[PDB]
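Below, in structure tokens: the form deposited in one PDB entry, a single chain.
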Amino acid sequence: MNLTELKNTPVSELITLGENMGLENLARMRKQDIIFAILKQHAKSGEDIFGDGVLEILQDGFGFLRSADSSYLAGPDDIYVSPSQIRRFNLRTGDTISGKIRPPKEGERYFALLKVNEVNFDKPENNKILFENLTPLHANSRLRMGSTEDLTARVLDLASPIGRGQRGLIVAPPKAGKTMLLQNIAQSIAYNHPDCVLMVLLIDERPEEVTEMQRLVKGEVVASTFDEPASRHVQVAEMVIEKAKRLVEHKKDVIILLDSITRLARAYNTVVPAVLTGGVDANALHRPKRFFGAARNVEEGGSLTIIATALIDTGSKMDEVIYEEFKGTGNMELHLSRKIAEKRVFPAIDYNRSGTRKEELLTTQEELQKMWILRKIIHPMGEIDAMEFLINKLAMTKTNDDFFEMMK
């Protein structure tokens, strides 16, 4: 007597019951559409129907349990929540409600929630929200990150360390090795810290890039495709960040690997304007600045760390304005050099103009002391002839032995 055995299933596989049930024809029905016909059939013979989703309260006071699998897309398989059920348990957008659901009545489109079991993976008896969580520093906890796959991660913990609940900005021009850098972060965080909920968000991304990201990354991978309207690029980011805070409310750590603040801001721009400077509404930047600005280490407990990408040298006059607005709004900067990518040289990062401010407190009292040694002999070093020196003086060693036996 259940139907939550597996909801997150592939399309061709989901037709398991489509080859077992007494269904007429299922030729032109979507994946989210076919679950609706199956759920109603398991309702025809009484039974109990369990279910879960992510809360999104609409303009009219009611909400729906949006499927995290479908990147919070609106579908028929969504579970409805009444305004009465919102007041009953103090529910806000971003909540992960789970429990028994009910079949629709006559004149009802959606399936509705019946019983509430877990809110935010916890009993309905819980407190303080992210908006009033005291935010002192990013340095009390650290996300430390001999294969060549650990070469696009080794430089990071020397060039620009990643703090727990830290605002990070990756700056990259087209074709600089940006997409796989995020895939290298995702590895050096899952294969190192499998406790903090990892969310990988991609705005206005290609269909082949999202599926590859969905494959290689362990965790929540929410993304919007290029064919989708400008409004949907917002909805996903609006839903990912609203769930993230809700988890930080439970003293839990959350890391968001957002792709392109620009591509997110370009969406936030085409969805409400008024007076322009170079094709960008100056008022529109307020909404995406709230997204990136939420990244913090909470004093009471938990963290929210957003390591997002900024696009420079796109060619567009709009994209040049966006990065300028975000220059130093974060406290962690990782530049990606154009010239190092032009001559096939990877872990391509501008070590020189890529620091990670407020460092002192993120490392031990002398963990930084042997890091400023190389940092003092980079000024006379070139650009493309600076990264080759960072491989040979690293490959023959490990992490802490990088200078103890490498000082002549």
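The first residue of the shown sequence is 1; numbering continues from there. Heads up, when I say rigid core I mean the largest set of C-alphas that superpose within 1.5 Å between the two forms.
Engineer: Neighbours in the displayed sequence, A274 and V275 may still hide a gap; how many deposited residues lack coordinates there, none, 1 to 3, 4 to 9, or 10 or more?
Structural biologist: 1 to 3 residues lack coordinates between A274 and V275.
Engineer: Can you count, per the entry, how many deposited residues between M145 and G146 come without coordinates? Answer none, 1 to 3, 4 to 9, or 10 or more.
Structural biologist: The entry has 4 to 9 unmodelled residues between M145 and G146.
Engineer: On average, which has the higher Cα B-factor in the deposited entry, 229-237 or 105-113?
Structural biologist: On average, C-alpha B-factors are higher across 105-113.
Engineer: On average, which has the higher Cα B-factor in the deposited entry, 59-67 or 352-360?
Structural biologist: Looking at the recorded C-alpha B-factors, 352-360 comes out higher on average.
Engineer: Is the Cα B-factor recorded for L151 in the lowest, middle or highest third of its chain?
Structural biologist: Highest third - that is where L151 ends up once the chain's C-alpha B-factors are sorted.
There is another form of the same protein, the form deposited in another entry; it is not shown, and what comes next is about it.
Engineer: Would you say whether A386 is displaced between this form and the one not shown, judging by a C-alpha shift of 2 Å or more on the superposed rigid core?
Structural biologist: Superposed on the core, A386 moves its C-alpha less than 2 Å between this form and the one not shown.
Engineer: How does the CA gap of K115 and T16 change in that other deposited form versus this form, closer or farther, if it moves 3 angstroms or more?
Structural biologist: Between the C-alphas of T16 and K115, the gap widens in that other deposited form (3 Å or more compared with this form).
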